[PDB]
Amino acid sequence: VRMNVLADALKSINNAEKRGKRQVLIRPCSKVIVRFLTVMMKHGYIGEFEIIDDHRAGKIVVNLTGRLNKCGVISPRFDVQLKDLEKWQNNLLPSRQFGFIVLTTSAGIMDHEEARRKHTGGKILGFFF
Amino acid sequence: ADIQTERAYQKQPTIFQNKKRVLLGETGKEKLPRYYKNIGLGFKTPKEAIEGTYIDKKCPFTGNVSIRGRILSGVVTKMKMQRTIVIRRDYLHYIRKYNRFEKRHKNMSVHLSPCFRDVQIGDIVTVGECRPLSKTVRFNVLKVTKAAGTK
Amino acid sequence: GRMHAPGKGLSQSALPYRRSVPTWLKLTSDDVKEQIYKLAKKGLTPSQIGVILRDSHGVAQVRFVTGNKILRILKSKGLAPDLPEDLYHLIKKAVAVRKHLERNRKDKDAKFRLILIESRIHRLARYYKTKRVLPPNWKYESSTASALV
Amino acid sequence: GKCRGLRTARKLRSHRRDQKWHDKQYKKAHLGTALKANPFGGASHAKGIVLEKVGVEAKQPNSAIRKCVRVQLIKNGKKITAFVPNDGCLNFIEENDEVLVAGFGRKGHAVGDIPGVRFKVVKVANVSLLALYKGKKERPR
Amino acid sequence: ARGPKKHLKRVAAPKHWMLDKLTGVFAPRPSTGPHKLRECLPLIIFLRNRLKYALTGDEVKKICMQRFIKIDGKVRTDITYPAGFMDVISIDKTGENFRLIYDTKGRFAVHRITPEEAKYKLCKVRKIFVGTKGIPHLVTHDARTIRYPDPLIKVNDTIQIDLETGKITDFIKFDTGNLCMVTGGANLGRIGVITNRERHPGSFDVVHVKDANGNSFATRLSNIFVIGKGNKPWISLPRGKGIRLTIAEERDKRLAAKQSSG
RNA sequence: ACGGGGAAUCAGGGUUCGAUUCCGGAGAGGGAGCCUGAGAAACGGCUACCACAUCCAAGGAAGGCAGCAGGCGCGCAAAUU
RNA sequence: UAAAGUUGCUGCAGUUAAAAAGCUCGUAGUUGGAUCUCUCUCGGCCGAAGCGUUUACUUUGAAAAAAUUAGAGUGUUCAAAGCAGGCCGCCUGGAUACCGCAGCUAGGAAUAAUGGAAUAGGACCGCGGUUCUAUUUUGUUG
RNA sequence: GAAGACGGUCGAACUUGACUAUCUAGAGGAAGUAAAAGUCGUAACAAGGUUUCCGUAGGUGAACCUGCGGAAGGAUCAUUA
């Protein structure tokens, strides 16, 4: 059975972007998926997306702009402190110039730079670059 | 019920129960005062402790035990001794190399006063640390919260 | 995939997006409730009641007309069966397989299928005990389970 | 695949601990059979008494007589065979005299074309074989 | 070990004594006395290491056995006498008086006081109890017992003892807005106004203190010592007034002092 | 296998070590039992047994270096009576 | 010990090189789909209480021997070190960080677990019914 | 108020029981490894001259042979209405 719908969504986006497609369908949608996608889009990595509302669990059509190299999930959601963030960045990101680690913190879902700005830690959801 | 099921007389040591009775001293009632105390930390004395008749010298409310130290919680797993139960504390231990956890548990033999009737398996008990009461008992049941499923 | 088979079938119902009562359907919610009561008094399980209401009376979904599900209506009126119908049918199938195996002792396939059926029975019974639908002392024993049938 | 759960630490640690025993070097170090079987008993060197001079044939691709000595270790009375490394150095060793022997350099494995020999003589009669070989010292009289 | 220990190792000694790691194996094990082992300053450390009046422990012994040192107005000849917080050390031969008061770094300072200030001291009352025909008694942080205290003095308050008579003269209640030193923990030596007290029944109460410079910190209630009523201390404060500077500000002050001096 | 502080190595993880001067525990050849004392089941205290062992006029007496040096033994392995 | 990503948590392999149980069921273990955005004595709506729904997480604050490690100052002739020293009696240091897990504390409320109302012995609201109720008798209590 | 005695208790002690200890009394029995393979064959690698191999069972100087079921890692990805 499927656990971690966010893992499925991120793998689908990755597989579609590697084939050079312009849109990708994601099912099921969820709040965490929508927040992760919003974080990706605010940095110009995906583009606009539409939430198709069926009465069971929505779908998302994500417009792809080919600026994405890898969007991935980190399972399990390890708790990350502000000290461990540098080690996680070294492990996951391809460079200190770009790439983002997405965390879920009590202040919301945000990239690692925004988590350093608010001086907060949390649980690692995934990464994208 | 008869509270005298032992080879010795059971009584609250701080209560004098044979103060002299006369015609004025008895008007249709013998009367028997009940020693109870309010333990600290916001715990309220159960009604059965105040208006009961049991004799338990290890009871936190009517006995001779001072609640000081750790105040822990557990889940009742065995009720098969006299005035003592076995609770299970479940926790997660962090292994650092794998950055992960493992389930661990510890059993705790804790004293349960006769003031807590209708305590079941699966009930949550808040226990307080006291002096050693037996070879293994060091905690007294202060509060009982029933498991989800009361109807 | 199936819990006890290598099958990966997809066949299932597909509810329409609209949750409203059909325009053709003129039965009031109380009318559907009385039809449900009549069918239950006839001796039918909620699945059968729903099938009959869909096929003959045009009730596409009872939940959308009455705002309630068939089993909930039967319980609220007080004429729901003692044990849930899925568990009942699983026990009935197990009883049938055991009756067949009594007179056919060389059927290893029947023994294997009985093992699968009783595993399904136990899983469903544990779930029902968790939900307080069955008493906590309820147990499926294969000695007089035909009485439960 | 392997388990990835926040509560799998016991599973991961236990599986690693069981699978470490299939490591030949780890098992050799932690089982205790190799230490028992080791004639030196965990020591780097050992003193022994030369029982006889033995000539060991080099393995088949090569051809020579490796001049070794059988020695009996004082610590445990075990009998080992130790190479006398350089040339003419077998003439520096007599019978029934004390020699310091060390490993041959492979941590208990035979070296080169010398079958079943894993020790080498370092000293004879409390004088190093290097000193006698270079003429810096002479064996005591 | 059987029975009490009688030695203190040099490296295991309290850090605030500021002892070397090469001038011997042992540190002076302070004698039993009014102050705890780890919260005191032995007389030998004060006379030799602090004031440089002696170069050896033998010279400290000579000074103390000439009956020149008074501690709280009484002559002490014990070179390992535990002197501690708020104590008064009088040397009448040289005509000086010192008070044992913490620096912001948590170390007893060489804080000279006037001969008229050396007539009193401040003591935090550790307990109050009624005994033996209802006579109230009070026990302070100097382990000194005072009979018939004011019925308004409670635990955690501060009382001004006259050293000549030993009697209480005045007292400060433990209340918000009162000045206090911190006598233990990370904030040891800091001075500030009590702003809040969080009561934790069955555990340690936590007292919040605000510095004179707007800095705030917290300690355990046992680490608070009421110094003055309001924001005015009843004793003379050391050079730093209880203001703990960060390392950057201390470096800046040191550089300014170097510029002014050379 | 005395425990810890800690040590070696190490990109991030980790691996191995910690008898050893600081803290805590234990022991004084092995067991056991005590006296005195605030504090010892103390051994540079006593009592006995087991092992070892010293002097003797054979009646008896005396012993405990895992304190500092030093000796023997052991060993690959460690200093001045 | 590193090299050894040849013990692989990061991070290894398992068709043929060493390797997936003959095959299913199955308890523990592990992992689990979507979904819920102005309340107690006051002399500053102006001191306060929680009596209410628990934790994990994260941030913070206490408390936490020294020595060692990191690290500030300081020409040991330099350095390893040391905790000294500097100026013409005086001036100045003897810092600071880290101290994991567990325990304590206070903000946040995403993520994850968890809870109530379904025979209503459910929430709020006013009514029918009981008590020495530390005073509802400056007067000797009754 | 000393010696002494009954009893108690703690309790070391030549307690009349299973010697995990390499060492030897071992001639012993059957197995692993570099063999001038010395001798005797040629089981496998080519259809290896009876295709090979797996499990099981019997038989044999010896490699092995044979029966039953299986695999291709075969010497057939194929054989015609």
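Letters A, B, ... are given to chains in the order of the sequence lines, protein chains preceding strands, and every chain is numbered from 1. Atom set for the values below is all heavy atoms of this structure, side chains included, hydrogens, waters and symmetry mates excluded.
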Interatomic distance at P, G/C101 relative to G/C125, whole Å: 47 Å
Should G/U41 and G/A49 count as paired, given that a pair must be Watson-Crick or G-U wobble and both distances must be under 3.5 Å? no
Under 4.0 Å from OP1 or OP2 of G/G11: is there any side-chain N or O of D/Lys2 that close? no
Tell me whether H/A30 and H/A31 stack, counting them as stacked only when the base ring centres are under 5.5 Å apart and the planes differ by under 30°. yes
For E/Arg244, is there an ion pair with E/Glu249 - N to carboxylate O distance below 4.0 angstrom? no
I'd like to know if D/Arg7 reaches the base of G/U30 with its side chain, counting only an N/O donor and acceptor under 3.5 Å. no
Inter-nucleotide P distance (G/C36, G/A112), Å rounded: 11 Å
Under the 3.5 angstrom rule, does the side chain of E/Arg50 hit a backbone N or O of E/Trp17 as a donor-acceptor pair? yes
Protein-to-nucleotide contact annotation, 5' to 3' order, nucleotides 33-46 of chain F [B base; S sugar-phosphate only; - none; under 4.0 Å, heavy atom]: -----BSB-SS---
Step by step, would you call B/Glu102 with B/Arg104 a salt bridge (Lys or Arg N to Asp or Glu O under 4.0 Å)? CA-CA 6 Å; B/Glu102 81 210 289; B/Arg104 303 193 163 191; 3.7 Å; yes
Would you confirm whether F/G33 and F/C46 are paired, taking Watson-Crick (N1-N3 with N6-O4 or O6-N4) or G-U wobble (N1-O2 and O6-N3) geometry and requiring each distance to be under 3.5 angstrom? yes
Parsed dot-bracket for RNA chain H after applying the Watson-Crick and G-U rules with both distances under 3.5 Å and | for other-strand partners is ..................................................(((((((((....))))))))).........
Using 30° and 60° as the class boundaries, would you call the ring planes of E/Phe108 and E/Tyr102 parallel, tilted or perpendicular? parallel
Pick the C1' atom in F/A51 and in F/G63, then give their distance to the nearest Å. 13 Å
So which protein N/O to nucleotides 80-86 of chain G N/O distances come out below 3.5 Å?
| residue | atom | partner | partner atom | Å |
| --- | --- | --- | --- | --- |
| G/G82 | OP1 | E/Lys21 | NZ | 3.1 |
| G/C83 | OP1 | E/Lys21 | N | 2.6 |
| G/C83 | OP1 | E/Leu22 | N | 3.4 |
| G/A84 | OP1 | E/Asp20 | OD1 | 3.2 |
| G/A84 | OP1 | E/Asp20 | OD2 | 3.2 |

Looking at H/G17 next to H/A18 in the strand, do their six-membered base rings stack, centres under 5.5 Å and planes under 30°? no
